[PDB]
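Enquirer: Take a look at this one; I'll ask things after.
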Amino acid sequence: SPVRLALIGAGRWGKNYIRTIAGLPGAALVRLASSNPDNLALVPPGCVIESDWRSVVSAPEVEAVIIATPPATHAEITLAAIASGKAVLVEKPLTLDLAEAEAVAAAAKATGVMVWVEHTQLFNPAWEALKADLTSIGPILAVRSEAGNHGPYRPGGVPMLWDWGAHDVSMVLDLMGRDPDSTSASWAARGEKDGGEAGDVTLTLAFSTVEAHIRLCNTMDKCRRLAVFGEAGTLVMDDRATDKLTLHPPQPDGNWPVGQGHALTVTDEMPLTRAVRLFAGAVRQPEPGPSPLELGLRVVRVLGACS
């Protein structure tokens with residue numbers, strides 16, 4: 001019996017959910033509430049089209065709700081879903097507001113409803129493979145990441161710090177197992193392009209003697225990379241590389257390893273496919289999973305500390 005999922009989507013936020021759910025043998029998209037007419041063109045036959053998101057959460061046959069709306073609307077829809085007893089997978093960032101995050105945490109606690117946050121890296125087999133190989137590199141000395149692209153530049157758009165930052169803050173907190181002693185953000189360059197924010201920021205998160213530096217820049221070529229520096233080796237995940245996960249020699253300088261390194265085995269399931277497959281699989285037998293609500297809350301706390 002496929003797990004009956006519904007999707008509440010608005011804007012660019014519901015990008016590839018419908019096709020991912022369609023390809024999962026253990027799940028079915030049974031209702032869709034979407035403002036986007038390109039999305040509405042994709043529903044399976046039998047999926048109910050809703051203009052009102054409330055009809056998705058009042059639906060007796062819906063087992064779980066995927067919330068892929070602008071983040072300012074996450075808390076209202078999530079609270080409604082929880083109140084209805086439906087499990088929630090909500091896109092990152094959990095919210096853009098700590099108090100809303102905390103209101104969600106509290107409702108999940110009071111009701112016992114399973115809430116996962118969709119932090120895509122935490123469902124990536126390469127990240128899972130990097131964590132599995134952490135003993136090889138020994139005690140962690142430093143962490144760095146870089147996310148880049150050319151915009152998009154959008155007036156009043158979700159700030160890059162939140163939107164892109166939640167993706168990398170989740171990774172750092174997941175790696176370190178704790179919250180930072182300190183958090184600060186440093187803008188190298190900040191301006192406007194086409195009425196939207198255009199710039200280059202580095203977030204520094206301190207974990208006693210170990211710093212994580214997270215660089216976000218929307219004025220450079222497309223790239224996503226991270227490196228974990230230890231006493232005995234360095235683990236790098238880099239989009240431009242032939243290999244998803246590479247082992248390199250140790251460093252003291254914290255610079256990006258130059259050279260090919262030793263490719264570690266990483267399997268090929270797509271992260272989003274993994275996220276939705278696992279989530280649908282936990283609906284009827286709940287568990288916290290790799291990206292729980294509490295982690296989404298902690299990410300929101302750090303992002304607010306950098307704003």
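By order of appearance in the structure tokens: chains A, B, ..., then residues from 1 within every chain, and ligands from 1 in the order shown.
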Residues within 7 Å of stretch 114-123 of chain A, please, as a JSON list (two decimals) with C-alpha atoms, in the first residue's frame. Count only C-alpha atoms; anything in the same chain fewer than 4 positions from it doesn't count.
Expert:
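Generated output (out-v5.json):
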```json
[["chain", "number", "residue", "atom", "x", "y", "z"],
["A", 87, "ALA", "CA", 3.74, 13.91, 9.11],
["A", 88, "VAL", "CA", 5.65, 16.84, 7.54],
["A", 89, "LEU", "CA", 8.69, 17.16, 5.28],
["A", 90, "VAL", "CA", 9.37, 20.88, 5.03],
["A", 91, "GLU", "CA", 11.88, 22.44, 2.72],
["A", 92, "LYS", "CA", 14.85, 24.37, 4.23],
["A", 94, "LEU", "CA", 12.73, 25.58, 8.45],
["A", 108, "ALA", "CA", 5.69, 18.40, 17.20],
["A", 127, "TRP", "CA", 27.97, 13.03, 2.79],
["A", 167, "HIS", "CA", 22.14, 24.19, 3.25],
["A", 170, "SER", "CA", 23.00, 21.94, 8.42],
["A", 171, "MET", "CA", 26.13, 20.13, 7.17],
["A", 271, "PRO", "CA", 19.89, 13.01, -2.67],
["A", 272, "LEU", "CA", 16.30, 14.23, -3.18],
["A", 274, "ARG", "CA", 16.77, 9.53, -0.93],
["A", 275, "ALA", "CA", 15.08, 12.24, 1.16],
["A", 286, "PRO", "CA", 8.18, 7.21, 12.66],
["A", 290, "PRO", "CA", 19.00, 12.20, 9.42],
["A", 291, "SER", "CA", 17.51, 15.70, 9.28],
["A", 292, "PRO", "CA", 15.12, 16.19, 12.20],
["A", 293, "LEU", "CA", 13.08, 19.18, 13.14],
["A", 296, "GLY", "CA", 16.19, 22.70, 11.48]]
```
Enquirer: Can you pull out every residue from stretch 3-221 of chain A that DSSP, working from the backbone, puts in alpha helix (DSSP H), and format the result as a ChimeraX atom specification?
Expert: /A:17-23,37-40,53-57,74-83,98-111,125-132,134-137,160-176
Enquirer: Go through A:245, A:201, A:75, A:59 one by one, measure the shortest atom-to-atom distance of each to residue A:189 using only C-alpha atoms, and give the residue with the smallest value.
Expert: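 Smallest distance to residue A:189 is found for A:201.
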Enquirer: List as an NGL selection string the protein and nucleic acid residues near stretch 148-150 of chain A, meaning an atom at most 10 Å away when only C-alpha atoms are counted, but skip any in the same chain fewer than 4 places from it.
Expert: :A and (164 or 198 or 200 or 215-225)
Enquirer: Can you pull out the residues contacting residue A:299? Cut-off 8 Å, using only C-alpha atoms, and skip same-chain residues under 2 positions away; I want them as a list in words.
Expert: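 Everything that qualifies: residues 93, 166, 169, 170, 173, 295, 296, 297, 301, 302 and 303 of chain A.
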Enquirer: Just C-alpha atoms for this one: save the residues we selected as a CSV table (one decimal), in the first residue's frame.
Expert:
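Below is the file selection-v1.csv, written as the result:
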```csv
chain,number,residue,atom,x,y,z
A,93,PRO,CA,15.2,26.8,5.8
A,166,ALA,CA,20.8,26.8,5.7
A,169,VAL,CA,24.9,25.3,8.2
A,170,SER,CA,23.0,21.9,8.4
A,173,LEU,CA,26.1,21.1,12.7
A,295,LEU,CA,18.3,20.3,13.6
A,296,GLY,CA,16.2,22.7,11.5
A,297,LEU,CA,15.6,24.7,14.6
A,301,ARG,CA,19.2,29.8,15.4
A,302,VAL,CA,22.7,30.1,13.8
A,303,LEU,CA,21.4,31.9,10.7
```
Enquirer: Please identify all polymer residues within 10 Å of residue A:156, counting only C-alpha atoms, omitting same-chain residues fewer than 5 positions from it, and present them as JSON, numbers by chain.
Expert: {"A": [195, 196, 197]}
Enquirer: Any chance you could export the current selection's N, CA and C atoms as a PDB file, in the first residue's frame?
Expert:
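Done, and the output landed in part-v7.pdb:
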```
ATOM      1  N   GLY A 195      18.192  44.966  -8.909  1.00  0.00           N
ATOM      2  CA  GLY A 195      17.342  45.173  -7.733  1.00  0.00           C
ATOM      3  C   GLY A 195      17.432  44.103  -6.645  1.00  0.00           C
ATOM      4  N   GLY A 196      18.238  43.055  -6.868  1.00  0.00           N
ATOM      5  CA  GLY A 196      18.504  42.000  -5.871  1.00  0.00           C
ATOM      6  C   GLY A 196      19.912  42.047  -5.276  1.00  0.00           C
ATOM      7  N   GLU A 197      20.064  41.532  -4.049  1.00  0.00           N
ATOM      8  CA  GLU A 197      21.361  41.455  -3.351  1.00  0.00           C
ATOM      9  C   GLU A 197      22.376  40.646  -4.166  1.00  0.00           C
TER      10      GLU A 197
END
```
Enquirer: Quick one: distance from atom CA of residue A:44 to atom CA of residue A:269 in Å, one decimal?
Expert: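 We find that atom CA of residue A:44 and atom CA of residue A:269 lie 23.1 Å from each other.
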Enquirer: Which of these, A:193, A:139, A:41, A:83, has the shortest distance to residue A:106 once you count only C-alpha atoms?
Expert: A:83
Enquirer: Can you list, as a PyMOL selection string, all residues belonging to stretch 36-182 of chain A that DSSP tags as strand (DSSP E or B)?
Expert: chain A and resi 48-50+64-68+87-91+115-118+140-150+182
Enquirer: Taking into account only C-alpha atoms, which residue in the set A:105, A:113, A:147, A:226 is nearest to residue A:283?
Expert: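 Of all the options, A:113 lies closest to residue A:283.
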Enquirer: I need the residue nearest residue A:5 from this list: A:211, A:50, A:61, A:38. Use only C-alpha atoms for the distance.
Expert: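 Nearest to residue A:5: A:61.
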Enquirer: Would you work out the distance separating atom CA of residue A:49 from atom CA of residue A:71, expressed in Å to one decimal?
Expert: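 Atom-to-atom, atom CA of residue A:49 to atom CA of residue A:71, that is 22.1 Å.
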Enquirer: Which one of A:234, A:12, A:96, A:76 sits closest to residue A:159 if you count only C-alpha atoms?
Expert: A:96
Enquirer: From the set A:101, A:191, A:17, A:136, which residue has the shortest atom-to-atom contact distance to residue A:248, counting only C-alpha atoms?
Expert: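 Result for the nearest residue to residue A:248: A:136.
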Enquirer: Hey, which bits of stretch 126-234 of chain A sit within 10 Å of stretch 264-267 of chain A, and for each residue what's the closest pair of atoms and how far apart in Å (one decimal), counting only C-alpha atoms, rows by chain and increasing number, as a Markdown table?
Expert:
```
| residue | atom | partner | partner_atom | distance |
| --- | --- | --- | --- | --- |
| A:126 | CA | A:266 | CA | 5.5 |
| A:127 | CA | A:266 | CA | 9.0 |
| A:128 | CA | A:266 | CA | 8.8 |
| A:129 | CA | A:266 | CA | 6.3 |
| A:130 | CA | A:264 | CA | 8.6 |
| A:133 | CA | A:264 | CA | 8.9 |
```
Enquirer: Which residues of stretch 128-152 of chain A have any atom within 10 Å of an atom in stretch 175-188 of chain A when counting only C-alpha atoms, and what is the closest pair of atoms for each, with the distance in Å to one decimal? Order the rows by chain and rising number and write it as a tab-separated table.
Expert:
```
residue	atom	partner	partner_atom	distance
A:130	CA	A:175	CA	9.7
A:131	CA	A:175	CA	7.4
A:134	CA	A:175	CA	9.6
A:140	CA	A:176	CA	9.1
A:143	CA	A:175	CA	9.5
```
Enquirer: I'd like the neighbourhood of residue A:15 as a PyMOL selection string, where a residue qualifies if any of its atoms comes within 10 Å (using only C-alpha atoms), though same-chain residues fewer than 6 positions away should be ignored.
Expert: chain A and resi 9+36+38-39+68
Enquirer: Write out, as an mmCIF file, in the first residue's frame, the residues just selected, with N, CA, C and O atoms.
Expert:
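Output contents, as saved in selection_11.cif:
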```
data_model
loop_
_atom_site.group_PDB
_atom_site.id
_atom_site.type_symbol
_atom_site.label_atom_id
_atom_site.label_comp_id
_atom_site.auth_asym_id
_atom_site.auth_seq_id
_atom_site.Cartn_x
_atom_site.Cartn_y
_atom_site.Cartn_z
ATOM 1 N N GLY A 9 2.839 23.410 -2.642
ATOM 2 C CA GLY A 9 3.929 24.081 -3.352
ATOM 3 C C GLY A 9 3.557 25.477 -3.771
ATOM 4 O O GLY A 9 2.414 25.738 -4.124
ATOM 5 N N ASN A 36 1.796 27.118 -9.022
ATOM 6 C CA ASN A 36 2.596 27.043 -10.214
ATOM 7 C C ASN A 36 1.937 26.132 -11.264
ATOM 8 O O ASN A 36 1.829 24.937 -11.036
ATOM 9 N N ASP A 38 2.948 25.078 -14.134
ATOM 10 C CA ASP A 38 3.873 24.059 -14.650
ATOM 11 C C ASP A 38 3.833 22.802 -13.756
ATOM 12 O O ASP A 38 3.837 21.675 -14.266
ATOM 13 N N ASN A 39 3.776 23.018 -12.434
ATOM 14 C CA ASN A 39 3.554 21.940 -11.451
ATOM 15 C C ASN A 39 2.217 21.224 -11.638
ATOM 16 O O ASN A 39 2.160 19.994 -11.697
ATOM 17 N N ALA A 68 6.646 22.739 0.380
ATOM 18 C CA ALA A 68 7.631 23.377 -0.482
ATOM 19 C C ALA A 68 7.131 24.776 -0.907
ATOM 20 O O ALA A 68 6.944 25.059 -2.076
#
```
